[PDB]
$ cat data33.cif   # mmCIF, C-alpha atoms and all ligand atoms
data_structure
#
loop_
_atom_site.label_atom_id
_atom_site.label_comp_id
_atom_site.auth_asym_id
_atom_site.auth_seq_id
_atom_site.Cartn_x
_atom_site.Cartn_y
_atom_site.Cartn_z
CA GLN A 44 0.00 0.00 0.00
CA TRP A 45 3.04 2.30 -0.46
CA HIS A 46 4.01 4.48 -3.40
CA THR A 47 6.45 3.37 -6.08
CA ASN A 48 8.56 5.34 -8.55
CA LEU A 49 6.56 6.81 -11.43
CA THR A 50 9.02 5.19 -13.81
CA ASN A 51 7.45 1.91 -12.64
CA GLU A 52 10.85 0.78 -11.31
CA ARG A 53 11.00 -0.79 -7.86
CA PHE A 54 14.46 0.77 -7.47
CA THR A 55 15.37 3.84 -9.49
CA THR A 56 19.02 4.75 -10.11
CA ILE A 57 19.60 8.50 -9.99
CA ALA A 58 22.89 9.45 -11.65
CA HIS A 59 24.11 12.21 -9.32
CA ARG A 60 25.40 14.88 -11.71
CA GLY A 61 25.69 12.20 -14.35
CA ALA A 62 28.35 9.50 -14.19
CA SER A 63 29.85 11.80 -11.57
CA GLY A 64 32.32 9.26 -10.18
CA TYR A 65 33.88 8.44 -13.56
CA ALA A 66 33.56 11.71 -15.46
CA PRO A 67 33.52 15.43 -14.74
CA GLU A 68 30.14 16.17 -13.14
CA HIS A 69 27.52 18.00 -15.23
CA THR A 70 29.10 17.57 -18.67
CA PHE A 71 27.93 15.76 -21.77
CA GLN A 72 30.65 13.27 -20.93
CA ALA A 73 29.23 12.53 -17.50
CA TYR A 74 25.68 12.44 -18.83
CA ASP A 75 26.53 10.33 -21.86
CA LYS A 76 28.23 7.83 -19.58
CA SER A 77 25.45 7.42 -17.04
CA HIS A 78 22.68 7.50 -19.63
CA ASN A 79 24.04 5.58 -22.61
CA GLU A 80 26.69 3.38 -20.99
CA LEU A 81 25.65 2.63 -17.40
CA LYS A 82 21.99 3.07 -18.33
CA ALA A 83 20.83 4.79 -15.12
CA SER A 84 17.22 5.82 -14.47
CA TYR A 85 17.72 9.59 -14.24
CA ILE A 86 20.00 12.34 -15.48
CA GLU A 87 20.43 14.49 -12.35
CA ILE A 88 20.90 18.19 -13.10
CA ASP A 89 21.87 21.15 -10.89
CA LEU A 90 20.76 24.56 -12.18
CA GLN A 91 22.63 27.87 -12.16
CA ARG A 92 22.06 30.87 -14.42
CA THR A 93 24.38 33.01 -16.54
CA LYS A 94 24.64 36.80 -16.58
CA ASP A 95 22.45 36.85 -19.67
CA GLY A 96 19.98 34.46 -18.07
CA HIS A 97 20.76 31.04 -19.49
CA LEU A 98 19.96 28.08 -17.29
CA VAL A 99 23.06 25.90 -17.12
CA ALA A 100 24.08 22.77 -15.28
CA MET A 101 26.56 23.33 -12.44
CA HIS A 102 26.54 22.43 -8.76
CA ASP A 103 28.20 25.50 -7.19
CA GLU A 104 27.23 29.15 -7.72
CA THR A 105 30.84 29.70 -8.73
CA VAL A 106 32.87 28.17 -11.55
CA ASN A 107 35.97 27.87 -9.36
CA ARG A 108 35.81 24.21 -8.35
CA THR A 109 34.93 22.71 -11.73
CA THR A 110 36.61 24.97 -14.28
CA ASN A 111 39.75 26.87 -15.18
CA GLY A 112 37.87 30.02 -14.24
CA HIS A 113 36.82 32.01 -11.17
CA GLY A 114 33.70 33.93 -10.25
CA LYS A 115 29.95 33.57 -9.84
CA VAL A 116 28.20 31.77 -12.67
CA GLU A 117 26.03 34.84 -13.07
CA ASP A 118 29.04 37.04 -13.74
CA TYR A 119 29.68 35.07 -16.92
CA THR A 120 27.63 35.34 -20.10
CA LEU A 121 26.76 31.97 -21.65
CA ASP A 122 29.31 32.78 -24.29
CA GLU A 123 32.07 33.43 -21.79
CA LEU A 124 31.13 30.42 -19.69
CA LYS A 125 31.51 28.32 -22.85
CA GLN A 126 35.18 29.27 -23.00
CA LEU A 127 35.86 27.53 -19.69
CA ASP A 128 37.34 24.05 -19.33
CA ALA A 129 34.88 22.05 -17.23
CA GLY A 130 36.81 18.79 -17.46
CA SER A 131 40.52 19.13 -16.67
CA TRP A 132 39.83 19.66 -12.97
CA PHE A 133 38.42 16.12 -12.85
CA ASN A 134 41.60 14.54 -14.22
CA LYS A 135 43.65 16.37 -11.61
CA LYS A 136 41.41 15.44 -8.70
CA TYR A 137 40.77 11.83 -9.70
CA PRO A 138 43.92 10.67 -11.54
CA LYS A 139 42.65 7.12 -11.51
CA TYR A 140 39.68 8.01 -13.71
CA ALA A 141 41.38 10.76 -15.68
CA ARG A 142 40.92 10.83 -19.43
CA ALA A 143 42.39 12.96 -22.21
CA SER A 144 38.97 13.48 -23.76
CA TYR A 145 37.82 15.17 -20.56
CA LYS A 146 39.98 18.15 -21.32
CA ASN A 147 38.02 21.18 -22.42
CA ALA A 148 34.67 19.60 -21.60
CA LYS A 149 32.06 22.37 -21.69
CA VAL A 150 29.41 23.54 -19.24
CA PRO A 151 26.03 22.49 -20.70
CA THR A 152 22.86 24.58 -20.80
CA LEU A 153 19.61 23.00 -19.65
CA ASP A 154 18.36 23.40 -23.17
CA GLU A 155 21.31 21.49 -24.66
CA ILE A 156 20.81 18.71 -22.13
CA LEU A 157 17.08 18.24 -22.87
CA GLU A 158 17.92 18.65 -26.54
CA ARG A 159 20.59 15.95 -26.45
CA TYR A 160 18.92 13.18 -24.47
CA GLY A 161 15.44 13.77 -25.84
CA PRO A 162 11.88 13.37 -24.48
CA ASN A 163 12.39 9.76 -23.56
CA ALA A 164 15.09 10.29 -20.96
CA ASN A 165 14.23 10.99 -17.33
CA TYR A 166 15.43 14.15 -15.68
CA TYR A 167 15.89 15.01 -12.03
CA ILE A 168 16.33 18.80 -11.91
CA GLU A 169 17.25 20.94 -8.86
CA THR A 170 16.28 24.58 -8.24
CA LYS A 171 17.62 27.19 -5.76
CA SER A 172 15.70 29.86 -3.77
CA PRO A 173 13.19 32.06 -5.70
CA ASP A 174 15.38 34.90 -4.45
CA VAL A 175 18.77 33.72 -5.69
CA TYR A 176 17.68 33.36 -9.34
CA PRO A 177 14.26 35.08 -9.76
CA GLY A 178 12.45 33.48 -12.68
CA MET A 179 14.34 30.19 -12.52
CA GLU A 180 11.16 28.17 -11.94
CA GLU A 181 9.20 29.88 -14.72
CA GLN A 182 12.20 29.28 -17.00
CA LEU A 183 12.63 25.63 -16.06
CA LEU A 184 8.98 24.86 -16.79
CA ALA A 185 9.06 26.82 -20.03
CA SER A 186 12.13 24.86 -21.12
CA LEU A 187 10.58 21.56 -20.13
CA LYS A 188 7.46 22.42 -22.11
CA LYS A 189 9.53 23.41 -25.12
CA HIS A 190 11.04 19.92 -25.10
CA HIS A 191 7.69 18.16 -24.74
CA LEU A 192 8.42 16.95 -21.24
CA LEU A 193 5.42 18.68 -19.70
CA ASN A 194 2.88 16.55 -21.52
CA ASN A 195 0.77 14.79 -18.85
CA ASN A 196 1.74 11.44 -20.28
CA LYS A 197 5.47 12.11 -19.78
CA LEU A 198 4.79 13.56 -16.34
CA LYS A 199 3.04 10.57 -14.81
CA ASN A 200 5.66 8.18 -16.20
CA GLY A 201 8.35 9.92 -14.17
CA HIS A 202 10.16 11.63 -17.05
CA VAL A 203 10.40 14.69 -14.82
CA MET A 204 11.20 15.08 -11.13
CA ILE A 205 11.93 18.61 -9.90
CA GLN A 206 13.83 18.69 -6.63
CA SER A 207 14.81 21.45 -4.24
CA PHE A 208 15.75 22.31 -0.66
CA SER A 209 13.56 25.41 -0.99
CA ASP A 210 9.94 24.77 -0.03
CA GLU A 211 9.26 28.18 -1.51
CA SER A 212 10.60 27.13 -4.90
CA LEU A 213 8.63 23.88 -4.90
CA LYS A 214 5.42 25.57 -3.77
CA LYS A 215 5.79 28.16 -6.52
CA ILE A 216 6.08 25.38 -9.10
CA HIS A 217 3.22 23.42 -7.60
CA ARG A 218 0.94 26.42 -7.91
CA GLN A 219 2.00 27.09 -11.47
CA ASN A 220 1.66 23.40 -12.47
CA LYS A 221 0.21 20.89 -10.02
CA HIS A 222 1.15 18.02 -12.33
CA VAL A 223 4.92 18.16 -12.10
CA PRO A 224 6.28 15.64 -9.55
CA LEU A 225 8.16 17.52 -6.82
CA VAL A 226 10.81 16.29 -4.44
CA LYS A 227 11.74 17.99 -1.19
CA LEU A 228 15.46 17.79 -0.42
CA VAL A 229 16.09 17.43 3.29
CA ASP A 230 19.36 18.57 4.80
CA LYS A 231 21.81 16.64 6.97
CA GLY A 232 20.24 16.22 10.39
CA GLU A 233 17.22 18.24 9.28
CA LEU A 234 15.14 15.09 8.67
CA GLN A 235 14.68 14.48 12.40
CA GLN A 236 13.97 18.13 13.15
CA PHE A 237 10.53 18.04 11.57
CA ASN A 238 7.41 16.34 12.86
CA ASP A 239 4.35 14.78 11.24
CA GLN A 240 2.44 18.01 10.67
CA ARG A 241 5.50 19.26 8.78
CA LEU A 242 5.74 16.08 6.71
CA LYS A 243 1.98 16.21 6.14
CA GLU A 244 2.30 19.63 4.56
CA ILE A 245 5.46 18.86 2.58
CA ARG A 246 3.53 15.88 1.25
CA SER A 247 0.82 18.25 0.04
CA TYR A 248 3.04 19.58 -2.76
CA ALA A 249 5.83 16.99 -3.06
CA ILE A 250 5.34 13.30 -3.86
CA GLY A 251 8.95 12.63 -2.96
CA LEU A 252 11.41 13.32 -0.18
CA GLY A 253 15.18 13.21 -0.59
CA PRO A 254 17.02 13.18 2.78
CA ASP A 255 20.74 12.78 3.45
CA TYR A 256 21.06 8.99 3.44
CA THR A 257 22.85 8.97 6.81
CA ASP A 258 19.72 10.24 8.59
CA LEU A 259 17.73 7.23 7.43
CA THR A 260 16.95 4.21 9.59
CA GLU A 261 14.56 1.36 8.88
CA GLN A 262 11.87 2.90 11.09
CA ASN A 263 11.71 6.52 9.86
CA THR A 264 12.02 5.14 6.33
CA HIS A 265 8.95 3.04 6.91
CA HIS A 266 7.20 6.00 8.50
CA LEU A 267 7.91 8.26 5.53
CA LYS A 268 6.81 5.52 3.12
CA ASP A 269 3.63 5.28 5.21
CA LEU A 270 3.01 9.00 4.84
CA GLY A 271 2.86 8.37 1.10
CA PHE A 272 6.39 9.53 0.28
CA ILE A 273 8.76 8.19 -2.32
CA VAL A 274 12.22 8.15 -0.77
CA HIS A 275 15.48 8.83 -2.58
CA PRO A 276 18.28 9.40 -0.02
CA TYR A 277 21.30 11.26 -1.36
CA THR A 278 24.74 10.38 -2.51
CA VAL A 279 25.16 6.76 -1.59
CA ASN A 280 28.32 5.45 -3.21
CA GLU A 281 28.99 2.38 -1.02
CA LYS A 282 27.51 -0.98 -2.04
CA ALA A 283 27.02 -1.80 1.64
CA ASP A 284 24.85 1.26 2.26
CA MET A 285 23.01 0.70 -1.02
CA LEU A 286 21.97 -2.74 0.18
CA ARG A 287 21.10 -1.55 3.69
CA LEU A 288 18.94 1.31 2.45
CA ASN A 289 17.14 -0.86 -0.10
CA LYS A 290 16.23 -3.13 2.80
CA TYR A 291 14.85 -0.16 4.73
CA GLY A 292 12.48 0.28 1.79
CA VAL A 293 13.77 3.31 -0.15
CA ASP A 294 12.80 3.68 -3.80
CA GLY A 295 16.25 4.47 -5.13
CA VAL A 296 19.28 6.65 -4.52
CA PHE A 297 21.37 9.46 -5.87
CA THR A 298 24.81 8.04 -6.62
CA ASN A 299 28.05 8.85 -8.34
CA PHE A 300 28.39 5.16 -9.30
CA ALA A 301 25.32 4.11 -11.24
CA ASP A 302 26.67 0.63 -11.95
CA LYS A 303 27.39 -0.19 -8.31
CA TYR A 304 23.78 0.54 -7.47
CA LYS A 305 22.35 -1.25 -10.47
CA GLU A 306 24.40 -4.30 -9.45
CA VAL A 307 23.16 -4.13 -5.89
CA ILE A 308 19.65 -4.17 -7.38
CA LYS A 309 20.47 -7.13 -9.64
CA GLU A 310 21.31 -9.17 -6.54
NA NA B 401 21.90 18.11 -6.58
#

$ encode --input "data33.cif" --output "structure tokens" --more "lines below"
Ligand code: NA
Amino acid sequence: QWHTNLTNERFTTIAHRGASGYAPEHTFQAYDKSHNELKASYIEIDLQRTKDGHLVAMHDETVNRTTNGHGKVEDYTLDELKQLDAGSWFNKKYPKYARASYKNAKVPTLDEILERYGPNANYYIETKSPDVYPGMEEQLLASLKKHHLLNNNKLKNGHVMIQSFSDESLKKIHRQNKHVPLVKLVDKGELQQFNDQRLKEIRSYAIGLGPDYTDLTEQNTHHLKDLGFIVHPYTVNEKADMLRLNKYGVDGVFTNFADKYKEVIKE
């Protein structure tokens, strides 16, 4: 009597920032790997916006960590951002997975991503506060619609899952389009902090809940599942934990190693 992934999968494999563990996060390389090669359930995307308003995939608000550049993403125009090298940094940090082709990987725009993997892929997109990038939500939905991902059919098959730590952002989207599946990202330790009334309300606009995996235990997991939630704890890269969590009853996980999780599911 619980809820199961809209993709109709008992266990969904969310490729955290793409094939994050083997390729430079948020790059065609990383996405190609997790989607084509490892064949993971979702292409997980983190949104940031350029100076001239282009939604692009990048985890931090600054290009420092993942490029040969410095500054806030919004200080760069899409054109300038495209000059950056979004791959080299990966070779240097993870020599054991390094690859010559990773050099000069580019930062992708949300449009390019949807464009590239088409309307049959499944996307897990994250938004920031309605104050940090005003208009982000309206833009995301417009982009999704452009790429035919807002069709009700696609929506109830799990082709789209919008996630965020900002209740404000999710609520804004829910008002604008009640049909887009929403996932509330819970912070580390924050899961405990909120009671049933809280969960009850979160559940009024979000079908899913994505807590830090370390805050999960078989009991709360069951409880959440009971409250009608779909649970996708985040960034589980250890087979051991993958197995444990699956036993608790989760519906999938965010991971930088799609294959490890898919194998744990196979067994
Ligand atoms: Na994320």

$ closest_atom_pairs --input "data33.cif" --of "chain A" --to "ligand NA 401 (chain B)" --cutoff "10 Å" --atoms "only C-alpha atoms and all ligand atoms" --output "Markdown table"
| residue | atom | partner | partner_atom | distance |
| --- | --- | --- | --- | --- |
| A:59 | CA | B:NA401 | NA | 6.9 |
| A:60 | CA | B:NA401 | NA | 7.0 |
| A:87 | CA | B:NA401 | NA | 7.0 |
| A:88 | CA | B:NA401 | NA | 6.6 |
| A:89 | CA | B:NA401 | NA | 5.3 |
| A:90 | CA | B:NA401 | NA | 8.6 |
| A:101 | CA | B:NA401 | NA | 9.1 |
| A:102 | CA | B:NA401 | NA | 6.7 |
| A:103 | CA | B:NA401 | NA | 9.7 |
| A:167 | CA | B:NA401 | NA | 8.7 |
| A:168 | CA | B:NA401 | NA | 7.7 |
| A:169 | CA | B:NA401 | NA | 5.9 |
| A:170 | CA | B:NA401 | NA | 8.7 |
| A:206 | CA | B:NA401 | NA | 8.1 |
| A:207 | CA | B:NA401 | NA | 8.2 |
| A:208 | CA | B:NA401 | NA | 9.5 |
| A:228 | CA | B:NA401 | NA | 8.9 |
| A:277 | CA | B:NA401 | NA | 8.6 |
| A:278 | CA | B:NA401 | NA | 9.2 |
| A:297 | CA | B:NA401 | NA | 8.7 |

$ residues_around --input "data33.cif" --residues "residue A:227" --least-positions-apart "2" --cutoff "8 Å" --atoms "all atoms listed in the file" --output "list in words"
residues 206, 207, 208, 209, 210, 213, 225, 229, 245, 249, 251, 252 and 253 of chain A

$ write_last_selection --input "data33.cif" --atoms "C-alpha atoms" --output "PDB file, keeping the file's coordinate frame"
ATOM      1  CA  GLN A 206      13.830  18.690  -6.630  1.00  0.00           C
ATOM      2  CA  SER A 207      14.810  21.450  -4.240  1.00  0.00           C
ATOM      3  CA  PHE A 208      15.750  22.310  -0.660  1.00  0.00           C
ATOM      4  CA  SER A 209      13.560  25.410  -0.990  1.00  0.00           C
ATOM      5  CA  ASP A 210       9.940  24.770  -0.030  1.00  0.00           C
ATOM      6  CA  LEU A 213       8.630  23.880  -4.900  1.00  0.00           C
ATOM      7  CA  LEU A 225       8.160  17.520  -6.820  1.00  0.00           C
ATOM      8  CA  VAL A 229      16.090  17.430   3.290  1.00  0.00           C
ATOM      9  CA  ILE A 245       5.460  18.860   2.580  1.00  0.00           C
ATOM     10  CA  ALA A 249       5.830  16.990  -3.060  1.00  0.00           C
ATOM     11  CA  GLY A 251       8.950  12.630  -2.960  1.00  0.00           C
ATOM     12  CA  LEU A 252      11.410  13.320  -0.180  1.00  0.00           C
ATOM     13  CA  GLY A 253      15.180  13.210  -0.590  1.00  0.00           C
TER      14      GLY A 253
END

$ atom_distance --input "data33.cif" --atom1 "atom CA of residue A:45" --atom2 "atom CA of residue A:293"
10.8 Å

$ residues_around --input "data33.cif" --residues "stretch 131-148 of chain A" --least-positions-apart "5" --cutoff "10 Å" --atoms "only C-alpha atoms" --output "number ranges by chain"
A: 63-73, 107-111, 125-126

$ closest_residue --input "data33.cif" --among "A:85, A:119, A:304, A:160" --to "residue A:283" --atoms "only C-alpha atoms"
A:304

$ residues_around --input "data33.cif" --residues "residue A:188" --least-positions-apart "6" --cutoff "12 Å" --atoms "only C-alpha atoms" --output "MDAnalysis selection string"
chainID A and resid 154 157:158 162 181:182 194:195 197:198 203 220 223

$ residues_around --input "data33.cif" --residues "stretch 307-310 of chain A" --least-positions-apart "6" --cutoff "12 Å" --atoms "all atoms listed in the file" --output "VMD selection string"
chain A and resid 52 to 56 83 279 to 290 293 to 296 300 to 301

$ atom_distance --input "data33.cif" --atom1 "atom CA of residue A:246" --atom2 "atom CA of residue A:86"
23.7 Å

$ atom_distance --input "data33.cif" --atom1 "atom CA of residue A:115" --atom2 "atom CA of residue A:57"
27.1 Å

$ closest_residue --input "data33.cif" --among "A:120, A:91, A:263, A:165" --to "residue A:61" --atoms "only C-alpha atoms"
A:165

$ closest_residue --input "data33.cif" --among "A:149, A:62, A:292, A:262" --to "residue A:79" --atoms "only C-alpha atoms"
A:62

$ closest_residue --input "data33.cif" --among "A:104, A:302, A:258, A:230" --to "residue A:176" --atoms "all atoms listed in the file"
A:104

$ closest_residue --input "data33.cif" --among "A:74, A:237, A:272, A:291" --to "residue A:47" --atoms "only C-alpha atoms"
A:272

$ closest_residue --input "data33.cif" --among "A:58, A:275, A:232, A:171" --to "residue A:77" --atoms "all atoms listed in the file"
A:58
